[PDB]
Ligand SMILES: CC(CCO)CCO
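Only one chain is included here, represented as structure tokens and corresponding to the form deposited without the ligand.
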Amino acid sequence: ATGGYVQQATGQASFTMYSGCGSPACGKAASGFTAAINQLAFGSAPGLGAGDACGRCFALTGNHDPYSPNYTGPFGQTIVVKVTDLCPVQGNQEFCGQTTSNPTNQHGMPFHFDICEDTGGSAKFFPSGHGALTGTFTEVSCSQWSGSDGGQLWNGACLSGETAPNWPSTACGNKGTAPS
């Protein structure tokens, strides 16, 4: 996409969970299940505001635990998240360090979703004792996502991806150039 960001409606991803998504990089939180996506897919950088991932909805499916490779299952449920947040390259090399010159992370995944724990998404997705997974994702209509958006936290906040057709397309728009 514009800026060199790698924004695909389906593919393979790794998955983790995080706490505290009430002031996220898109500038609006949401009451449903939400996630941060790695910088190369988010479409912005820290401090530059919302990228084109903001507001888009994705079905996520985990099917492998790289830290317990002999674990055969069960895995969690497939969940639908709305992307509200950025998992930046800085401080997240293992999972979110994809760049244009090296577009996969340390688990070989070209995308990463950090699922917010606060609103319940991670409890549906991660079995107890298995907090990092790999698997797949697919962008879906936000008709498949339960919840409501919060109010804007600053000027320029955006979740307009929530009404956009799947990538390739433009809603909030990308900011700057993807990390190299």
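One-based numbering along the sequence shown.
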Taking only the CA atoms, which stretch has the higher mean B-factor in the record, 153 to 161 or 168 to 176?
-> 153 to 161
On average, which has the higher Cα B-factor in the deposited entry, 109 to 117 or 126 to 134?
-> 126 to 134
Between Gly55, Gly62, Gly43, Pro69, which one tops the list for C-alpha B-factor in the PDB entry?
-> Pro69
When the CA B-factors of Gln98, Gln90, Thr78, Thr84 are compared as recorded in the entry, which is the largest?
-> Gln90
Compare the C-alpha B factor of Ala36 with those of the other modelled residues in its chain, then answer lowest, middle or highest third.
-> lowest
Against its chain's modelled residues, does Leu48's Cα B factor rank lowest, middle or highest third?
-> highest
Where the record places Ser14 (Cα B-factor, split into thirds across the chain) = lowest
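Absent from the display: the form deposited with the ligand bound. The rest refers to it.
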Indicate whether the ligand has at least one heavy atom within 4.5 Å of a heavy atom of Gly108 in the deposited complex.
-> no
Would you please decide whether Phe125 lies within 4.5 angstroms of the ligand in the deposited complex, comparing each non-hydrogen atom pair?
-> yes
Contact flag, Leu60 vs the ligand in the deposited complex, heavy atom cut 4.5 Å = no
Would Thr138 count as a contact of the ligand in the deposited complex, using a 4.5 angstroms cut-off between non-hydrogen atoms?
-> no
Looking at the ligand in the deposited complex, which residues in 22 to 60 have at least one heavy atom within 4.5 Å of it?
-> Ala29, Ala30, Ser31
